[PDB]
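Colleague: Quick one: this structure, given as C-alpha cells, is what I'll be asking you about.
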Amino acid sequence: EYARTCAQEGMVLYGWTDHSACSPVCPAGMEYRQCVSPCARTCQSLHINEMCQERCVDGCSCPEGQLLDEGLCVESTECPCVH
Amino acid sequence: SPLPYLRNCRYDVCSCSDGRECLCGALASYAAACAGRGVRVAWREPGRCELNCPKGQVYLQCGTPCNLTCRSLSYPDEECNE
Amino acid sequence: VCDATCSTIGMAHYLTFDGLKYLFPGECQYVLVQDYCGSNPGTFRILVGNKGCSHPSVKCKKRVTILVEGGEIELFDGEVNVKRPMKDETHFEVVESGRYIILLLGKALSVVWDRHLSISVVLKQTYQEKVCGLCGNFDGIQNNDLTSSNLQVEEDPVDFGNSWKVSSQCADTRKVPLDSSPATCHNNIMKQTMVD
Amino acid sequence: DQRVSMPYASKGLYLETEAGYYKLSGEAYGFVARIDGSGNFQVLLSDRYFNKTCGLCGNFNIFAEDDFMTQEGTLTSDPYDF
Ligand SMILES: *[C@@H]1O[C@H](CO)[C@@H](O)[C@H](O)[C@H]1NC(C)=O
Ligand SMILES: [Ca+2]
Ligand SMILES: [Ca+2]
C-alpha cells in the first residue's frame, strides 16, 4: 500500500520488491511489474499506437516475449488465428 | 446467413394456397443451402414433414446413389463418384 | 469512377463504400476506415468509438478521432477539438454549414458529420482499393467487403466487426438471435405496427 | 442475479481484466474500481466529486481530519461508529 499510494502521488518508486522478499500474488506466467503499460500486446490486436497512451499503472504482465492470449502467456510464434 | 431464407419462408407461407407444403419446401431449401457448405442438418420430425416415401423404402441422411439402383450392376465399370 | 461515402446510418448500422449495409451493435472503439492497410504506406486512421449504444437508445454517444498526417482531431458533443495539429495546416478546413460539420482533410479525404450520430467519410478515386476497416476496401466489388482483419471473408457481420476492435481486451458483441422485432417490439404487436 | 461472462460492457460500465487485475471503469460517471489478486480493493474517484462524495472513504476534501462523517451528518471519532 505504501508503494501504491506513493505511486498515486506522482512519484512511483521503482524496484522496491527486489529485496522486500514479499511479492504480490499474480497468475502463473506473469511477474509483478512496477509501472507496466496498461496497453497490452494481445496476439490479435491492431498495432494502433498514439491511441493507447493512457497513464501507466502498476500490475503484473507476461515476460518480455510471451504475448497475451486470453489470460495465458504464449510465445509470439504461436499466436492462434481466429475465424 | 439465414435471413434471406427467413424472408422467403414468410412470403411463401402467407401467399401460397397450401402453407404446409410451402413451409416444408422452404425449410428444405434452407437445409439444402446449408448442406451445400458441408453442414448437414437434421430438421425433419413428425411435426415438420418427415418424408413418408413408399412402403419398401426408408429415409436416410447421407445416401449412397452409387449403387442405389441396379443399372449400376449392368454397368459396373461406369464411374459413380458422387 | 465517382466518389464514395461510408455512412453510419442510425446507431448500429453501417453502409460500406461499395453499397453494402449491415448491422453491428458495438460497444468498444472500432476502425471506421484506415489506410494503414496491408503493405501500403498509409496516411490516416479514422476511428469511431461507441458508448452505451449496443441497444440503439437515446444515450448512444459516439466519438470519432481522425489521426491524419500526425496531429489528431476528434469530434464529440457536437464540437470539433484539434488535440494535436496537422503538419500541413494548409489542407485542414473545418467548414460548418446547416446542421452539419464538414471537415476537409486534404484533397481526397473529407468527413461529413451531422453533429449527432450520422458520420460519413468521403473519398475520391485516389484510394480505390487502398483502405479497409468497417467500410470494406472500396474496390467496386461488394461481395468481399466483410474481409476481417485476418484477411478472410466472414459470413457474419458481428465477427467481421469484432475483428476491427481497437482494444483487444474489451467485450466482444454477442451473436444476437435473428428476429425482426429487436427489443420492445418483441411482443408488442401494437407498437410494431405503429413503427411500421 | 445471474452470472455473466467477462469482459462485460453494458450500460456504460466496462468490466475487464487489465494487467491481471479485474477492473470496473465508469469514466462516464468518473470512477474506476479495481481488485488485485490477493483481494484488495481500489477506487479512483474523479475530481468532479470534490467535497461531494459521502461514504466509507470519507468526503473528498483536502482535509484529512474530518473524514469520519457518519450518515446522520455528524462527525465522530470512533471508526466503528462511522
Ligand atoms: C465544502 O462544503 C462545505 C459545506 O458546504 C463547506 O463548509 C466547505 O467550505 C467546502 N470546502 C471546500 C474545499 O470547498
Ligand atoms: Ca469491396
Ligand atoms: Ca476530509
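To be explicit about the labels: the chains of the C-alpha cells are called A, B, and onward in the order shown, and within each one the residues are counted from 1, while ligands get numbers from 1 in the order they are shown.
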Quick one: residues within 7 Å of ligand 2, with only C-alpha atoms and all ligand atoms, as an MDAnalysis selection string?
Modeller: chainID C and resid 18 136:145
Colleague: Which chains and residue numbers are within 7 Å of ligand 3, counting only C-alpha atoms and all ligand atoms, if I want them as a PyMOL selection string?
Modeller: chain D and resi 58-67
Colleague: Counting only C-alpha atoms, collect the residues of chain D whose closest atom lies at most 7 Å from chain A, and write them out as a ChimeraX atom specification.
Modeller: /D:18-20,37-38
Colleague: Go ahead and write the residues just picked, N, CA, C and O atoms, as an mmCIF file, in the first residue's frame.
Modeller:
data_model
loop_
_atom_site.group_PDB
_atom_site.id
_atom_site.type_symbol
_atom_site.label_atom_id
_atom_site.label_comp_id
_atom_site.auth_asym_id
_atom_site.auth_seq_id
_atom_site.Cartn_x
_atom_site.Cartn_y
_atom_site.Cartn_z
ATOM 1 N N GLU D 18 -7.485 -6.004 -16.586
ATOM 2 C CA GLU D 18 -6.352 -5.209 -17.022
ATOM 3 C C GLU D 18 -5.151 -5.493 -16.136
ATOM 4 O O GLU D 18 -5.241 -5.416 -14.908
ATOM 5 N N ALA D 19 -4.030 -5.831 -16.767
ATOM 6 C CA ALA D 19 -2.775 -6.106 -16.075
ATOM 7 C C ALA D 19 -2.935 -7.229 -15.058
ATOM 8 O O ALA D 19 -2.220 -7.310 -14.061
ATOM 9 N N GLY D 20 -3.887 -8.116 -15.327
ATOM 10 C CA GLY D 20 -4.125 -9.258 -14.467
ATOM 11 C C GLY D 20 -5.071 -8.987 -13.316
ATOM 12 O O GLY D 20 -5.407 -9.896 -12.554
ATOM 13 N N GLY D 37 -5.000 -9.492 -7.127
ATOM 14 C CA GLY D 37 -5.038 -10.933 -6.937
ATOM 15 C C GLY D 37 -5.375 -11.340 -5.518
ATOM 16 O O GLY D 37 -6.137 -12.283 -5.293
ATOM 17 N N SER D 38 -4.803 -10.641 -4.537
ATOM 18 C CA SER D 38 -4.981 -11.046 -3.147
ATOM 19 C C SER D 38 -6.379 -10.723 -2.647
ATOM 20 O O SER D 38 -6.865 -11.345 -1.698
#
Colleague: Suppose you want the space between CA of residue 42 (chain A) and CA of residue 65 (chain A); what is it in Å?
Modeller: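 CA of residue 42 (chain A) sits 11.3 Å away from CA of residue 65 (chain A).
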Colleague: Quick check: residues of chain C within 7 Å of chain A, only C-alpha atoms, returned as JSON, numbers by chain.
Modeller: {"C": [166, 167, 168]}
Colleague: So that I can check the surroundings of residue 11 (chain D), please list as a list in words every protein, DNA and RNA residue that reaches within 9 Å of it, counting only C-alpha atoms and ignoring chain neighbours fewer than 3 positions away.
Modeller: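 In the requested form, the answer reads residues 51, 52, 53 and 54 of chain C; 14 of chain D.
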Colleague: Take the residues that were just selected and, keeping C-alpha atoms, output them as a PDB file, in the first residue's frame.
Modeller:
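Resulting contents of selection_1.pdb:
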ATOM      1  CA  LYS C  51     -20.583   4.466 -25.874  1.00  0.00           C
ATOM      2  CA  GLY C  52     -23.753   2.980 -24.456  1.00  0.00           C
ATOM      3  CA  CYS C  53     -25.190   2.033 -27.833  1.00  0.00           C
ATOM      4  CA  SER C  54     -25.254  -1.763 -28.177  1.00  0.00           C
TER       5      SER C  54
ATOM      6  CA  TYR D  14     -16.622  -1.588 -18.783  1.00  0.00           C
TER       7      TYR D  14
END
Colleague: Between CA of residue 115 (chain C) and CA of residue 66 (chain C), what distance in Å does the model show, to one decimal?
Modeller: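 Separating CA of residue 115 (chain C) from CA of residue 66 (chain C) is a distance of 15.5 Å.
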Colleague: Determine which residues of chain C sit within 10 Å of chain D, taking into account only C-alpha atoms, and present them as a PDB file with C-alpha atoms, in the first residue's frame.
Modeller:
ATOM      1  CA  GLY C  26     -20.677  -2.454 -30.922  1.00  0.00           C
ATOM      2  CA  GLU C  27     -19.664  -1.061 -27.549  1.00  0.00           C
ATOM      3  CA  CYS C  28     -15.914  -0.540 -27.969  1.00  0.00           C
ATOM      4  CA  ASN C  50     -19.436   3.866 -29.429  1.00  0.00           C
ATOM      5  CA  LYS C  51     -20.583   4.466 -25.874  1.00  0.00           C
ATOM      6  CA  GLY C  52     -23.753   2.980 -24.456  1.00  0.00           C
ATOM      7  CA  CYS C  53     -25.190   2.033 -27.833  1.00  0.00           C
ATOM      8  CA  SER C  54     -25.254  -1.763 -28.177  1.00  0.00           C
ATOM      9  CA  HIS C  55     -29.007  -1.362 -27.933  1.00  0.00           C
ATOM     10  CA  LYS C  59     -27.966   7.906 -24.850  1.00  0.00           C
ATOM     11  CA  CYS C  60     -25.799   6.352 -27.563  1.00  0.00           C
ATOM     12  CA  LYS C  61     -22.772   8.646 -27.534  1.00  0.00           C
ATOM     13  CA  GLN C 169      -9.356  -6.782 -24.142  1.00  0.00           C
ATOM     14  CA  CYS C 170     -12.813  -5.178 -24.244  1.00  0.00           C
ATOM     15  CA  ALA C 171     -16.052  -7.054 -24.773  1.00  0.00           C
ATOM     16  CA  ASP C 172     -16.962  -8.853 -27.974  1.00  0.00           C
ATOM     17  CA  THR C 173     -20.521  -8.229 -29.102  1.00  0.00           C
TER      18      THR C 173
END
Colleague: Just the strand (DSSP E or B) stuff from chain C, please, per backbone DSSP, written as a PyMOL selection string.
Modeller: chain C and resi 4-5+7+13-15+21-23+29-30+34+47-51+61-66+70+73-76+79-82+86+92-97+100-105+109-113+119-123+132+147+153+165
Colleague: With DSSP run on the backbone, what are the helix (DSSP H, G or I) residues within chain A? I'd like them as a list in words.
Modeller: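 Selecting the helix (DSSP H, G or I) positions of chain A gives residues 2, 3, 4, 5, 6, 7, 8, 76, 77 and 78 of chain A.
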Colleague: For the residues in the current selection, export C-alpha atoms as a short mmCIF file (atom, residue, chain, number, x, y, z; two decimals), in the first residue's frame.
Modeller:
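Result file follows (again04.cif):
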data_model
loop_
_atom_site.label_atom_id
_atom_site.label_comp_id
_atom_site.auth_asym_id
_atom_site.auth_seq_id
_atom_site.Cartn_x
_atom_site.Cartn_y
_atom_site.Cartn_z
CA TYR A 2 2.82 2.39 0.83
CA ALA A 3 4.12 1.85 -2.68
CA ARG A 4 0.75 2.27 -4.36
CA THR A 5 -0.24 5.47 -2.57
CA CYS A 6 3.26 6.84 -3.13
CA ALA A 7 2.82 5.96 -6.79
CA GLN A 8 -0.55 7.72 -6.89
CA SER A 76 4.82 -14.75 -30.07
CA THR A 77 5.27 -17.52 -32.64
CA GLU A 78 2.15 -19.43 -31.55
#
